[PDB]
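Chain and residue survey
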Amino acid sequence: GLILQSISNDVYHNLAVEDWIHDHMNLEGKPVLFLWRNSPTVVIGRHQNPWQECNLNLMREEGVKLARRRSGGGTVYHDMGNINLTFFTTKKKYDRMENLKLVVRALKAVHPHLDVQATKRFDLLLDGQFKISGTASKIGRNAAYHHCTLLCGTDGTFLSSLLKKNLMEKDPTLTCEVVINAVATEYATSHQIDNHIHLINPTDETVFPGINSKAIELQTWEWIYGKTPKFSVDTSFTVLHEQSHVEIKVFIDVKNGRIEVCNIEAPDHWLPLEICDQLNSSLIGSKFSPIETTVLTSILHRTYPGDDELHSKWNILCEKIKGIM
């Protein structure tokens, strides 16, 4: 048996460790539990769409990081009140359930007869209502690791905000540290080995042969965003005018975070078509994200003299545009 914890709260590092172990240490009759809490950070499954899950703009103003993990699964929000547990083992001995049950024991060993249990969809219902735990997995040819999160003190409301109830909020002394032990304890017993948690720092590559490489990688926009499977936009929105309404059309095709086909259409009478070209064009092959509003208005504020009504109608466009970038 073996139990490791991380002093760090830098998701990317705490993630790199994950692989390391999976790409390295032999879990053959040598299972490994790894526990680790991260700073506020939104994490998406391997093949998920960042722009779909979170209010990146909101996240942005918020010191809140985004990250994409090598394991499949859906999106959960991490913070200092969120306990991550990864059960590394041989592919031969992989048992999501065994793990969830393990956690329930851990849990009850700290709140005698607490209304928590496993489900069909491998999460954990507290009181049949509030959910408090998420699942994830990753399967190699010989070994497999079942990742999983626990909600001790994370804020559901501040979370709620990033979509498109807690533990301590039930029992104050359910401090993660407490739950971290309770778990480790239970895992100790379950294989019978020094109830000792081997603390670690994720950056220290004397212990971890060349890790920060991976850590940088999982951080590259190319990887975080650039992996998002092909996805398109087929929308519209109307601006007042006058006082009819002038409609706009937007149709973008994205492939690997890069725009592949951008067709932004507006009525020539309201706004010169050779502008919507300028945009569409300076946007093809560009990365899908907010647009530098200096290059933005640069486009024309130098090109087309000074029509305040022009500039004004230009914004209202960029506006609606950036509102979905």
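Residues numbered from 1 in each chain as written, not as in the entry; some residues may be left out. Heavy atoms only, no water.

Bringing the environment of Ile193 into the picture now. Within the secondary structure layout, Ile193 lies in the loop between α6 (176-191) and β11 (198-200). Among the residues examined, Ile193 registers a relative accessible area of 33% and is labelled partly exposed. (Helix = DSSP H or I, 4+ residues; strand = E, 2+ residues; numbered from the N terminus. Buried < 20%, exposed > 50% of the residue type's maximum accessible area, 1.4 Å probe, protein only.)

Strand order in the open sheet formed by six strands is β9-β10-β6-β2-β1-β11, and the pairing between neighbours is mixed. Edge strands, defined here as strands with exactly one partner in the open sheet, are β9 (133-139) and β11. Averaged over neighbouring strand pairs, the angle between their axes works out to 20 degrees when direction is ignored. The sheet contact formed by strand β1 (residues 3-6) and β11 spans three bridges and is parallel. Opposite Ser6, over in β11, you have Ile200 as the bridge partner. In this fold α6 packs onto β1, β2 (32-36), β6 (82-90) and β10 (143-151), with an angle of close to 180 degrees to the strand it touches most, β2. (Pairing = 2+ DSSP bridges. Axes fitted to C-alpha atoms, helices over the stretch in contact; angles between N-to-C directions. Contact = heavy atoms within 4.5 Å.)

This next bit is on the pairing of β10. In terms of residue burial, β10 counts as a mostly covered element, since nine of its nine residues are buried. Alternating residues of β10 divide into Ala143, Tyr145, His147, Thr149 and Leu151 and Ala144, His146, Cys148 and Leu150, and every residue in both groups is buried. Of the pairings in the sheet, the one linking β6 to β10 comprises seven bridges and is antiparallel in character. The partner of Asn84 across the bridge, within β10, is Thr149. Across seven bridges, the pairing between β9 and β10 is antiparallel. Within the sheet, the bridge partner assigned to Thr135 lies in β10 and is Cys148.

As a further point, take helix α11 (residues 308-322). The terminal C-alpha atoms of α11, which comprises 15 residues, lie 21 Å apart, in line with the 21 Å expected from a rise of 1.5 Å per residue. Every buried residue of α11 is accounted for by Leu310, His311, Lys313, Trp314, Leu317, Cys318 and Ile321. On an axial view of α11, the arc spanned by its buried residues comes to 170 degrees, and they lie on one face. Summarising the geometry of α11, the exposed residues directed more than 90 degrees from the buried face are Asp308, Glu309 and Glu319. Buried positions along α11 lie against β12 (231-240), β13 (245-255), β14 (258-265), α9 (273-283) and α10 (293-301). (Expected span 1.5 Å × (residues − 1). Arc of directions from axis to C-beta.)

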